[PDB]
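The form deposited in one PDB entry is given below as one chain in structure tokens.
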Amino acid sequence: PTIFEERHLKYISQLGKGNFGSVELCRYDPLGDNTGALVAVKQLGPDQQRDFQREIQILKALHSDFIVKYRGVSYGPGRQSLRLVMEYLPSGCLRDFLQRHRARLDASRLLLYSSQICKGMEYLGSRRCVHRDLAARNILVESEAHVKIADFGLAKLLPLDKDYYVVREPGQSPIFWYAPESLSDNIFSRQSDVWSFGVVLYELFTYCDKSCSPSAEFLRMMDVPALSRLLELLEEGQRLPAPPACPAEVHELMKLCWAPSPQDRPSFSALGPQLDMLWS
């Protein structure tokens, strides 16, 4: 079941490109008659090949309604799985779903999305997994009221005696989703995933509008390099403003996810009942 034959994997479209690899829309068509199920296939480098096998084993060990379903692999020279096969969600990434259907998604609908992302993250933390690229662009839409965490290319497992990990090479994702410890020291933990969540929370309560986006807004508040400016601003006490018509209660939780000390930050298991008291 988990061994999908590449010959039966028929190319449809490019789903995306991010963090060295690419995701393609394929049809797993063993009958060769265009009736088979659609699946999302990821493919990629020496440390890149160790990082693909890392992504595969992590996702394969993840079993949640709020994490993209792993379907299996399409093997190659090894021991070395040529490609990773995931479930396909035709609604796609939450960022463009938000933009496409905003006139229809209200506060209640956004809190349910928040609480679902939250339980997914609480689960990932339980597996000792730190996502490191939690953004609305990396959240998928299963149905109108069901979202899932995706893109585990930069995900890492935490050692049993360690609750944080330091990355050698700099960040390549948009800088605005990182915590001040990730920016200044490349330190990552479930606490740096919590900072990122409050940014996802900001994203939901803007419907990912490009004009007031995390990138567009720092651009206004900001010779000094653009990374050191955000470091300067965040350490001083500056934060993204309350999104247009955002409830005062949702915004306060955003600023707590944005506590400057990472130990002070609320956990995901702590975030959930608070998002669940605001209903849906």
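Don't overthink the numbering: it's just position in the shown sequence, from 1. The term rigid core refers to the most C-alpha atoms you can superpose between the two forms while keeping them within 1.5 Å.
Coverage remark for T206: present in the model in all other entries compared whose chains are built on both sides, leaving no third without it.
Of the other structures of this protein that model both sides of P159, every one gives it coordinates; not a third omit it. The entry models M222 and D223 with a gap of 4 to 9 deposited residues left without coordinates. In terms of unmodelled positions of the deposited sequence, the stretch from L44 to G45 in this entry skips 1 to 3 residues. Taking the mean C-alpha B-factor of each stretch as recorded, 96 to 104 and 74 to 82 are not equal, and the higher mean is that of 74 to 82. Legend: mean Cα B-factor per stretch from the PDB entry, 213 to 221 versus 238 to 246; the higher mean is in 213 to 221. Residue set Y11, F268, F20, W258: peak C-alpha B-factor at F20 (per PDB entry).
The maximum CA B-factor among the listed residues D29, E252, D65, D51, taken from the PDB record, is found at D51. When the CA B factors of the chain's modelled residues are split into thirds, the value for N138 lands in the lowest one.
Sort the modelled residues of the chain by CA B factor and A179 lands in the middle third.
Ranked by C-alpha B-factor against the other modelled residues of its chain, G153 falls in the middle third. Annotation for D193: CA B-factor lies in the lowest third of the chain's modelled residues. Among all modelled residues in this chain, the alpha-carbon of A61 has a temperature factor (C-alpha) in the lowest third.
If you look for the form deposited in another entry, you will not find it shown, but the lines that follow are about it.
Relative to the superposed core, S267 undergoes a C-alpha shift smaller than 2 Å between this form and the one not shown. Once both forms are overlaid on the rigid core, the distance between the two CA positions of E235 between this form and the one not shown is under 2 angstroms. A displacement of less than 2 angstroms separates the C-alpha positions of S215 between this form and the one not shown, with the rigid core held in common.
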